[PDB]
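Descriptive structure summary
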Amino acid sequence: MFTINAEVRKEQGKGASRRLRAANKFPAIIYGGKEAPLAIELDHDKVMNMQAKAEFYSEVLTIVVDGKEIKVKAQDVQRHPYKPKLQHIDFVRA
RNA sequence: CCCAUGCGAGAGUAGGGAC
RNA sequence: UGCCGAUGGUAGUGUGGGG
Ligand SMILES: [Mg+2]
Ligand SMILES: [Mg+2]
Ligand SMILES: [Mg+2]
Ligand SMILES: [Mg+2]
Ligand SMILES: [Mg+2]
């Protein structure tokens, strides 16, 4: 099972997102179901290595944010236009 | 082009549909 | 441009600064 550690974002928007990426992290979003969407931030390198395995995109993953696990599937990924980096990820609740 | 701050598409995604 | 349509990200951008 893939276990991803994340934190809830304290700020959003272009400025905040660029700050994260300049600091070796990147934004992501968890949506789906009855609960409201949850905007989170991830460690770039750790997730990048994880998603290098094809199962990352087929399996139900576990994101540890706050203190509980959420159970999601990768729904979409935005990659840098010309750099080997992850820009954003959509996670859908499972 | 970048930073701070405010504003924020187009496309696509979740979801919905008496079609 | 052919049904409606979030959230987040992206483009662009007002103000101030940097270059
Ligand atoms: Mg700005
Ligand atoms: Mg739109
Ligand atoms: Mg749209
Ligand atoms: Mg449907
Ligand atoms: Mg938006």
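A brief look at the structure comes next. (Residues numbered from 1 in each chain as written, not as in the entry; some residues may be left out. Chains lettered and ligands numbered in written order. Heavy atoms only, no water.)

**So, the packing of aromatic side chains**
- Under the defined criterion, the tally for this structure stands at two aromatic pairs.
- Aromatic pair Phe 2 and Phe 56: ring centres 5.7 Å apart, planes at 80°, arrangement edge-to-face. Here the residue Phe 2 occupies a position in the segment before β1 (3-5), and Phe 56 occupies one in the loop between α2 (44-50) and β5 (62-65), the gap between them amounting to 54 residues. Comparing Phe 2 with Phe 56 shows no difference in burial state: the two are buried.
- Relative to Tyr 57, the ring of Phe 56 has its centre 5.0 Å away and its plane inclined at 70°; by these criteria the two rings are edge-to-face.
- Residue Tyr 57 is classed as partly exposed on the basis of its relative accessible area of 31%.
- Among the aromatic side chains, those forming a connected cluster through ring pairs are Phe 2, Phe 56 and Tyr 57. (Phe/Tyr/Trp six-rings, centres within 6.5 Å; stacked < 30°, edge-to-face > 60°. Helix = DSSP H or I, 4+ residues; strand = E, 2+ residues; numbered from the N terminus. Buried < 20%, exposed > 50% of the residue type's maximum accessible area, 1.4 Å probe, protein only.)

**Points about the protein's contact with RNA strand B**
- In the vicinity of RNA strand B, the residues found are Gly 13, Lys 14, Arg 18, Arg 19, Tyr 31, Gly 32 and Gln 75.
- By atom count, sugar and phosphate contribute 92% of the portion of RNA strand B lying within 4 Å of the protein.
- In the model, a phosphate oxygen of RNA strand B is placed 2.7 Å from a nitrogen or oxygen of the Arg 19 side chain.
- In terms of residue count, helix α1 (residues 14-22) provides more of the surface near RNA strand B than any other element does, three residues in total.
- The residue inventory of the surface near RNA strand B, partitioned by class, reads one nonpolar, three polar and three charged. (Near = heavy atom within 4 Å. Polar contact = N/O pair within 3.5 Å; in protein donor to acceptor, adjacent residues only side chain to side chain. Nonpolar A, V, L, I, M, F, W, Y, C, P; charged D, E, K, R; others polar.)

**Topic: the sheet that holds β1**
- The strand order across the open sheet built from three strands is β1-β5-β6, with neighbouring strands paired in mixed fashion. This sheet does not close on itself; its edge strands, each paired only once, are β1 and β6 (68-69).
- Pairing of β1 with β5 involves three bridges; the strand directions are parallel. Considered in β5, the bridge of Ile 4 is made with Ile 63. (Pairing = 2+ DSSP bridges.)

**Quick word on the protein's contact with RNA strand C**
- Of all residues adjacent to RNA strand C, which total 15 residues, the nearest are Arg 9, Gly 13, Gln 78, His 88 and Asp 90.
- Here the atoms of RNA strand C within 4 Å of the protein split so that 63% fall in sugar or phosphate, with bases taking the remainder.
- In this structure, a phosphate oxygen belonging to RNA strand C sits 3.2 Å away from a side-chain N or O atom of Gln 12.
- The side chain of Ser 17 places a nitrogen or oxygen atom 3.2 Å from a phosphate oxygen of RNA strand C.
- Those elements that provide at least two residues to the surface near RNA strand C are α1, β3 (25-31) and β8 (86-93).
- Ranked by the residues each element gives to the surface near RNA strand C, the list is headed by α1, at four residues.
- When grouped by side-chain class, the residues that make up the surface near RNA strand C number four nonpolar, six polar and five charged.

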